[PDB]
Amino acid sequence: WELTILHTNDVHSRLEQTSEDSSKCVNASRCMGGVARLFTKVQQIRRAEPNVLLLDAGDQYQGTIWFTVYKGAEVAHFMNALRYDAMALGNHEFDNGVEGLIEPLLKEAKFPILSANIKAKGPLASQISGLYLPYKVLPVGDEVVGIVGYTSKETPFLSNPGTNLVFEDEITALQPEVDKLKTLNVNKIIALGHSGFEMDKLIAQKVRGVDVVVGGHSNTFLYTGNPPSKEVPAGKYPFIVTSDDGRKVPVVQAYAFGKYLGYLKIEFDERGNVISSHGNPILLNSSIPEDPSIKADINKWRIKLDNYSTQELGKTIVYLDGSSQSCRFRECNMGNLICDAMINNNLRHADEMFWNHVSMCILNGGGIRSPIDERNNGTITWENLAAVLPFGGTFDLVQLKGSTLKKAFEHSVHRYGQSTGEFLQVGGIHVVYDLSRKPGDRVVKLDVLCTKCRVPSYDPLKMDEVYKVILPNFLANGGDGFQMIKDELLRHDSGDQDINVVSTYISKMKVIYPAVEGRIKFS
C-alpha cells in the first residue's frame, strides 16, 4: 500500500511568489513558490497518484504584509483552497495570542489542526474545546492514516500563548496519543510537528509506533542529489532514524518560505510497516505555471494590501545604498541608517551613571538585503523597506568584553574581498583595518562612544572592560561565524523587530539623509 506525502513548513506568509532569496519578486522568470504555483504542482500530483496527503508543519502565521493586514484570514482561505489534509501548530500561530489563533484560523480552517502536547485550562478549556486535536484518523482510499501533532515546548518564550496553555514534553505527550490510534486499529502513523530537526529525530527514535516524522521550525533542507538552488542540505531526503525498537523511520522537512514542496512516497505492507521511502523537495520555480484561478483570487486580496504596502512612512533625499557590493566591502549609508535607528530606539537615561545604557551598534552586511532608490519623489514605503529587511530578526542588547568585540572585528575582515556577509556596519564605533596584516591582527584602531560620561566622545576600546551593544539576534546566536559573540557574551536581552525599529525612526525623522562619514577606514 503506497502513500504520497506532500509537506510544507515555515511558509511564513509568503502567499505571493518570492525572489530566489525569499523576498519580493522583481524578474518573473527568476521567481518561486506562492500558493498559486503550489496549487499547480499539488493538483498535478493528485491527478497522477491515488493516495496523496498535503500536510503543513506550522509557521504559516507571520512574515509579510499579508499576515499584518489579514491576521490569518489569508491562511485559512488559501490553505482551504489547496485542500490541506492537516496542519500542526507552530510557535508563530500564537503571535496574536491564543485569541488571534482561534478567531481567524481555528474557526475558518476546514482541515484538522493538531498538537498532542498543548493542553488548555481555565475558561479557555471550554472556548477552544474541539478546535485543535491531539490526533486525527484520516481515511485515504480504503485505508486510514493517523496523524499526531506536536509544538515546540519553547512557544511560551518565542510567542504569546498566555497562561491558559501548557506546552508539555513532546515525547511524553505523543506516546499516549499514538497508543490510542493503535487501539482504534490504526497501523499507519505520521508525527506532524514544529519543534525542529533535532526533536524530529528524537521522536522518530523514542515514540513507539510512529512510521514517519514530518517537521518544521529549524528551516532544515534535506536533499538527495545536486542541490537545484543555493540551499546546502543538512542531509539526504528522507533522513532515516533507527528507533529503539529497530524500525527505520523516515524524517523529513522542506526548508521554508514556500520555495519547496516536500514529496515523500512510502510503501507500507498490510500491517502498516514502512517497506521503502524515496523522494525530494520539489523546487517551485517559474517552470511551474501559477494556477490562473488561485492567482486571480490572490490579486483580489492584493487590492486591499496595495493601500498598506505603498504607504509613505517618510522621505529620503539620498540613495539608500544597501547593495551587497557596498555593505560587504565598506561603510554604507544604509548600514549607518539602520544602526542609528537601533541606538535611537533604546533610549534610557540615568543622571550620574550614563547618558544612555547603549552607545554602540553592529550589524552584518549580509543582513541588508536591498538598496532603496530616492527618485520616487523621495518616498519610502513599507514594501521598499520589507525588501531591505525581509526576515523579522530582532535587534538585541548584549554585554561583551572589549576583547570579544576585538575578535568580532577581526572576523569581520578575516577573509575580506570575497563578498561574505560577516562584514560589520557600525554606530558609536570608529574602526581602522590594515588588510596587509594577517587575519586576527587587521584591527589597528578600535574607538567606541563612551557611556560613563555626560558629553559623548570616542575612546580606544579596552580589552578587560564590559560594553553594551545592539546587534541582530542572528549575531547573538553566532550566525555568519560569530561564535565568539554567542560563546563569550555575559548578558543577552531580546529587543524589537528590525523593520519596526527602522520604520518608526524614518516616520519620526520625516526626512533622512544618512552619509558615509568614516566610521570604517582602511590603511
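Residue indices: 1-based, along the sequence shown.
- As recorded in the PDB entry, 450-458 is the stretch of 35-43 and 450-458 with the greater mean C-alpha temperature factor.
- Here the stretch with the larger average CA B-factor, out of 175-183 and 146-154, is 175-183.
- Highest C-alpha temperature factor among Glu374, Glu170, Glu93, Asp200, as the PDB entry reports it: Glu374.
- Across the options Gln60, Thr64, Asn27, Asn51, the residue with the most elevated CA B-factor in the record is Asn27.
- Sort the modelled residues of the chain by CA B factor and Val11 lands in the lowest third.
- Compared with the other modelled residues of the chain, the Cα B-factor recorded for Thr224 ranks in the lowest third.
- The deposited CA B-factor of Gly393 belongs to the highest third of values across its chain.
- Ranked by C-alpha B-factor against the other modelled residues of its chain, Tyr433 falls in the middle third.
- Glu312 sits in the highest third of its chain by CA B factor, as recorded in the PDB entry.
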